[PDB]
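Structure first, then comments.
2 protein chains.
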Amino acid sequence: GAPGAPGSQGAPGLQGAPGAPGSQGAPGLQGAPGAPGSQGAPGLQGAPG
Amino acid sequence: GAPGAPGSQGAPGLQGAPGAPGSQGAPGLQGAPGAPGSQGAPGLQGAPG
Numbered sequence: 004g005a006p007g008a009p010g011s012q013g014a015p016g017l018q019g020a021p022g023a024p025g026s027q028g029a030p031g032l033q034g035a036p037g038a039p040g041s042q043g044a045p046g047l048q049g050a051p052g
Numbered sequence: 004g005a006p007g008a009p010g011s012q013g014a015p016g017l018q019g020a021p022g023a024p025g026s027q028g029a030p031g032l033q034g035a036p037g038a039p040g041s042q043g044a045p046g047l048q049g050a051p052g
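Pasting the structure below:
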């Protein structure tokens with residue numbers, strides 16, 4: 004008779020899980036903002052009559 | 004009497020759950036716009052005045 008708990012604390016503190024799925028960090032870039040703009044510059048078109 | 008080593012038990016090696024804040028953030032601002040089309044001006048020799 005004498006000794007008590009053997010300081011054997013064993014339950015995991017906060018249950019591991021170092022996982023960063025999917026989003027993780029900065030997954031594939033968001034949308035590529037389309038760039039419209041002027042088209043074929045016909046400046047000074049054909050000569051009329 | 005008090006038996007030693009009764010399994011003190013506890014939370015050894017505290018931990019931390021997973022996570023992943025990588026999720027899509029801010030993409031590029033509006034793509035380069037413009038005025039597509041007849042990017043030109045009056046043509047060539049025409050009805051004189």
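As you go down the protein sequences, you meet chains A and B in turn. Numbers given in the working numbering equal positions in the first sequence, counted from 1, plus 3. Numbers given in the working numbering equal positions in the second sequence, counted from 1, plus 3. Idealized CB from N, CA, C, for every residue including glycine.
| Item | Value |
| --- | --- |
| CB of B:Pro30 within 8 Å of CB of A:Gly40, strictly | no |
| Any chain A beta carbon closer than 8 Å to B:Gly52 | no |
| Distance, B:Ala38 Cα to A:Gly37 Cα | 14 Å |
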